[PDB]
Every structure is written in structure tokens, then in C-alpha cells.
């Protein structure tokens, strides 16, 4: 159930290789790449590169490791040494360790104490005393000092030290002992519990140690077994927020499953959307929200969060067993809990949701590939298929053979069958584009219905939809409107049970009878309910909160809420409060554009809605909203359209705007602008900002497409610029970020 969004070169990442990931106290992500150190806030990258002129720039562009210490300070190991990010002045301090006239590279950083770091270089281990900004190389024992460490990892009073050739070691921070814990290079170390430490090796697979018993288990690759790890070359490990171990290999991501003692694989396939961007996973990190970030070598970052996977999409996968075409029409569940899915170009798909197996039925053979209706005759093991420009096909499910009926080999008046409903007497009603037709399977005959029982002509309208209500009445809908009929034997007879209303003439897409007996009709001009008790009708459209007036399908969840598909996503409607909660493509839907007849609710409550880009599925009742509402950070101040920097000529900032509580503007400093941001990775860039310059603005104002506000020629006084943010599920951070602005008088 695991799919990824992508953050890489096109989104602003400096270079495609991410060696190491961490996060600071403001929620920014930090990415150590092979060309610059990247700071990322969910909207924009700040790339830190070396400049021979600026000694305050990062020492080298080749970064190897980023580490946040326990006080939220960000440290970088580069080719040239150790760098501290100065969040106050938004620059770097660079520190250098010379041995034999060369500056050593810093491959690792761990916290010995709050003001002491453990540093690893290619030529040994040393210490950085932070209070003094100095390297100390004589503090550890000879054996420890000389150790070439490939990875470093702290748990409590211990720091585990992986070597390249000499196995695993532990240093007690308190006791200062250095002892071998238990030949191939140790790439990553993780403690999951006090009875389980995980060790990832360069070619010897994944090890699990119990440091209490001192007993070990090794998991190696087996090609004969598809639930073993993907490779013995394992580079990174991280726990997620649901107690699952994520294993980054040279070839695939592996997630360890506790129950079976087995492994799930996840692979890079360029053609498969939401798959890993690249097969080789170099870095894995869990952010403060529980989002997982997987760094590859040539494919940037891949992001995952379970909340972002509450809507699951089923789509074509070229050259794999998958949905045959992404433009989907009807979806009908059979008695075996399989799904029969119509497509516009791909034929009929049979889908086993447990197995994930697809089968298709297509032309040359069902006689068209553009499917509009499906009815499953369960007694006779037949599937009846209605197509556009093709007619009626009968799939015999045992043999696989298909009977085709059209205008050239049968008495069927119109080959455009959009609806199929059994009539109750052993026959089927076909909704065609020019008539209602009875198909008798015993006689293989087609009969067009021209008269009612009383001889009232049925005017040749186009039938898009047929529906059978609990009272056994036939609802015939199309573009020309809606009409309801009673059946007297093989005749039909108008049932005058609707009032006189304009809703009878509306373009009609779908009809649905709710559990409480209410009938709901989807149209191009919103949707409406009809209660037969009082014959009252109430219509709802975009002015009532529906996101778009084209309603293709209506399904009902277990709370009696209606779920509606439209040209702008899916809406959840509560008929009792008459409130809407709307979702869009940015929330995970297949597209904003959904499609005709493309809706199904399984016997068990799973909901399926199809569109132009495949099918979205979810369980309405299990849906969760993003609970995270992080603070807004102010990211940029400008005076007269020039960026304002700490300690520059304006005299306005002595710190980065992000760390600033108050700015004072002199009389001539009259026009300025403020850029802000929120770092909510579950929501991405779909947050809503509210702002108000208290003392000037008369009310709050909203922003969704921009993150910048400009003011000009404010009168003298103190103002407080305030800004909050709502996540993509409309939940507000209730506590605003504030920046005081003192506008000085002339005198």
C-alpha cells in the first residue's frame, strides 16, 4: 500500500544524490548532497554552496552528512571538514582538521554530550569541543582513535561505531570504555528495542542482534524466495512511526514484517507512478510528523506518509498486469467480491481485489472496447456488457466465449447500450441512446418500447441510466430528463409520483435510493433529493458548497453520508446538517475529473470512483485528516523590493528574519514586503495562510496561491504582523506567528 511523491531537481533540489537527511527545530528538512547543502521548508529550497569570496559560505559543495544535535543545531560534514549552520545570521562557520598538510573529510557526527561531538574521518576518530570550536585528537584511547568508522549511532549512554573491515564497537559516554560488540562494512545501525539492534552491511545482508543475550540472526538474499531481503548490499535503516523497520538496499526498499519474519519489496519502475524514483536507497529518515524520506543516488528524494495514502489509486502500469486503460466507466461487484470494470479504450477488466490480478475482455471478443454498462447474471454465469458503438455482448464466464449483438446481426435498434437492468420477469432492460429495449435471453429477441399500456407514446430520448427502486419501479434517466414507470407484465405505464418540477427536465446522470428511502438524483445542475412520503424535493449545487455541479455518482457510507463524484473531485455530503466536505486531486484522488457511471460501493463498504486517470478507492469511515498544524515561519523581508539581510546597510535586521521578533523602520523605509511559509509535509503546498497587520488591516485576509504581503507608507506607530496557517484538511494552527513593526516618525 506504499507509494511516493517526489522531490528532486525539478522541485529545486541542488543535486540528485542525498547522502543524509535530518530536520531542524523549525521543521525544515536538511539534505546533504554532492553539490551543496539543501534546506527545504515544503515550498522552496535554499541551496548553500561554496564561494571562494565568502568565508561565511559552506567550506565545500561536497557534503557527506547532516546532523541535528540535541539543542537543534545543524552540523555538516563536508569534504573539507566540519561546518556549523548559524541560524541567527544565516551563514556557516567552517572548521578544519589538518593531518599531514591535508584537511580531513568528516564522514560522521554523533553527540557525546551537549557541547561535544564524536567526529569520524578517513584517518581515525576525533572530538569537536563545541564551547571552544576546536578539534581534540588525544582524548580517546589509541584503539578508538585509530578506528576507521563507516557509521555512528547513539542509544542512551552508548555510541555504536561501525567499521569498514573490523566489525561493530561500542563506546560508553559515561565510562569511556571502547569494546567490540560481537568482516564486511557496517553501513547503518538501528536500535528498535533493548532486545533488538539492527545492523546493515555492505554485502553480508541484514543482522539482528540481541545485546542482552548476545545472540544474532542474519537475513541474506535468496532469489528462490521472494519474501527474503532484496539484496545483501544494505545502505540505510530507519524506524517509522508504526514500529516498522525500513531497509534501504542497493536494489529496492525492504520493509520488515514482524508476524511472518519476512520482507516486503518495493521497486523502482519508471513507468509505474508512485514507485521509487530509483532503485538504490542511500538514506532514510522519519520527520517529526512520521513522514519517511528516502534518498536515492540519481533520483532525489521519495516521500511517504500513511495519511497521504488514505486514498489509494488503481492505474494502468504499462507492460504489467494492471487496469487496461485509465479512463474508467462502470464498476460492478459480483457475488465473488470481484470487480468488473468498464473502460473507454481497454475493454472490460475483471479485477480480484485480494490477488490484485487483472483479466481483460476486448475486441476480436466483445465487439467494442468502449464499455458503458455491466450486469452480472449470477445464476447463469453470464456477464452482459453494454458498449458504445458496439451493442450488447454476453460473456460466458466458464468457456470465455462471447455473443455479440448490434445493428447488423440483430433486431437491436441502437448499438449504444448505456444501461442494463433485469426486468424481474427473466429479461433485461437495455438503456440505449434512442430507446428502451427489452432483451429476452430465452428467445435472443430485441423489442423496442414505443407505447405505454394505455398507448401513450414513449418519445425516443437517449437513456443514460436505469434504476430499480425498493418499490420495484423503473426510473429511466437521460439528457432529456427523468421519468418513472410501473411495469404491468411486459408493458410499462407512467407512474405519476413526481410532482410537476423542472428537475424532471434536467440532464440526469445517476439515481440512488438511500437506506432511509430517500431517492437521490445526480444531474449536471447539482443534485437533488426526492422524498416520496411528502413528495418534497430539495436541490443542492455549488452555491450550497458542492465543489462542481456535474454529479456522476452517489454512494452512501455507513453514517448515512453521501459521497459524490464530480468534475472537481469527490464531495462528502451530510444530508441532515446539509454540510459538504470536499476532496481534490491534491488530496490523493485519481484526478479532479471523475467519469460517467464510475462508482461502486462493495458489499463490505469499500468505495470506488473512477475518472480519466484511473480509480480511487477508500473506506469512508476509516479516513483520517492531517492532525498537524505547525507554526508559520517568516522567511524573507524586503525593503523597496531588495532582500534585507542580517547586518546589511538598512540597519533593520541583526538576525535572520526567521529568528527576528521585531524590526524598526526609519522614516524613509516606507515600502516593504514579507514572505512566509509553513512546513507541513503531509499537506505539501496546500495550506491556507491567514494574515493581519494589527494596527492597520481592518480584518484578516486569506492566501492559497501566494505567500507574500506588501505594505507601504504606514503611519507612525507599532504594528504587529500576524500570520496563521491551515493544513489541507482545513485545520488551523490557533497560535499566530508575530513580527512587531515599529514605524518611526520623521522627527
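Positions refer to the first chain, counted from 1.
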Q.
Counting only residues that lack coordinates, how big is the gap in the deposited sequence between residue 603 and residue 604? Pick none, 1 to 3, 4 to 9 or 10 or more.
A. none
Q: Between residue 182 and residue 183, count the deposited residues left without coordinates and pick a bin: none, 1 to 3, 4 to 9, 10 or more.
A: 4 to 9
Q: Name the higher of the two by mean Cα B-factor in the PDB entry, 114-122 versus 382-390.
A: 114-122
Q | Stretch with the higher entry mean CA B-factor, where the candidates are 165-173 and 638-646 | A | 165-173
Q: Specify which of 262, 543, 370, 660 carries the largest Cα B factor in the deposited PDB entry.
A: 262
Q. Quick one: which of 312, 337, 453, 579 has the biggest Cα B-factor according to the entry?
A. 453
Q: Would you please rank residue 525 by its C-alpha temperature factor against the other modelled residues of its chain and give the third it falls in: lowest, middle or highest?
A: middle
Q.
Per the entry's values, where does residue 148 land by CA temperature factor relative to the rest of its chain, in the lowest, middle or highest third?
A. highest
Q. Lowest, middle or highest third: where is residue 741 by Cα B-factor in its chain?
A. lowest
Q) residue 134: which third of its chain by C-alpha temperature factor? A) highest
Q. In terms of the chain's CA B-factor thirds, is residue 54 lowest, middle or highest?
A. highest
